[PDB]
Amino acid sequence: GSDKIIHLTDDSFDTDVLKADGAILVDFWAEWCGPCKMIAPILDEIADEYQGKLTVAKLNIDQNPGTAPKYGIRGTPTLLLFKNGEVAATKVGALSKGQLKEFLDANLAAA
């Protein structure tokens, strides 16, 4: 995976995400997950391409069972875009690089 991705834990979520200075896109994922597997390389490219405008983060739900229920996540992958501690947009399921780009470009700009 990209070395630019922040791997979050249950204990680090509040500090890493809600206290972040800028936008953080959070990937809720798991080992046995076709769709998680499919957006992974896509996310790597976004981390590279959106550096300075966004930080990509991962929450592994096998290793961190607590955070996902708090945020209404009912499946994986689910992407949550955070801004100054606020969930600002949500995307469930696999998507294309093109779809993820349009979602981010639309949502990063909205304040």
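For every residue, the number given is its place in the sequence shown, counted from 1.
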query: Residue with highest C-alpha B-factor in the PDB entry, from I61, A57, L54, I73; finding: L54
query: Among modelled residues of the same chain, the CA temperature factor third for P77; finding: lowest
query: Position of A20 among the chain's modelled residues by C-alpha B-factor, lowest, middle or highest third; finding: highest
query: For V87, the third of its chain into which the C-alpha B factor falls; finding: middle
query: Modelled-residue ranking by C-alpha temperature factor, third containing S96; finding: highest
query: Ranked C-alpha temperature factor of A106 among modelled chain residues, by third; finding: lowest
